[PDB]
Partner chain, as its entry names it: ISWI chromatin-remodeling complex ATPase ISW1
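Let's start with one chain on its own, the form solved without its partner chain, as structure tokens.
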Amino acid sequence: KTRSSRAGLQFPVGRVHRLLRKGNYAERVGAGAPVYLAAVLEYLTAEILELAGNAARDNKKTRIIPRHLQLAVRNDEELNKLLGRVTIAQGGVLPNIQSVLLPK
């Protein structure tokens, strides 16, 4: 029986634990640390996949490409801050023209 199932998770608790030792973040790693972290990662993954899938859907597509990931992130105030210094390859930008540039 895995620790992931034991903690009710999709994300690998064993791996996360391993990578935490390997990474040299502290002398010791408590058993609850990789669990909590697998949890958070799985949650954020879920959040962005919900929103990206929606944008995929809004554009009549069934396969999420990076455009959708970008759309999802930049259209969401919080993920946009979390990734305010991250560039998503092949993402383009949000349609957006400044007002004074339109005619009348």
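Residue numbers count along the first chain shown, from 1.
Of the two stretches examined, 8 to 16 and 81 to 89, the record assigns the greater average C-alpha temperature factor to 8 to 16.
In this crystal structure, the stretch out of 71 to 79 and 22 to 30 whose C-alpha atoms carry the higher mean B factor is 22 to 30. Residue-level temperature factors show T45 in the lowest third of its chain, judged at the C-alpha atom.
Beyond what is shown, the protein has a form solved in complex with its partner chain; the following relates to that form.
Applying a 4.5 Å heavy atom cutoff to its partner chain in the deposited complex picks out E47, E50, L51 from 18 to 52, in order along the sequence.
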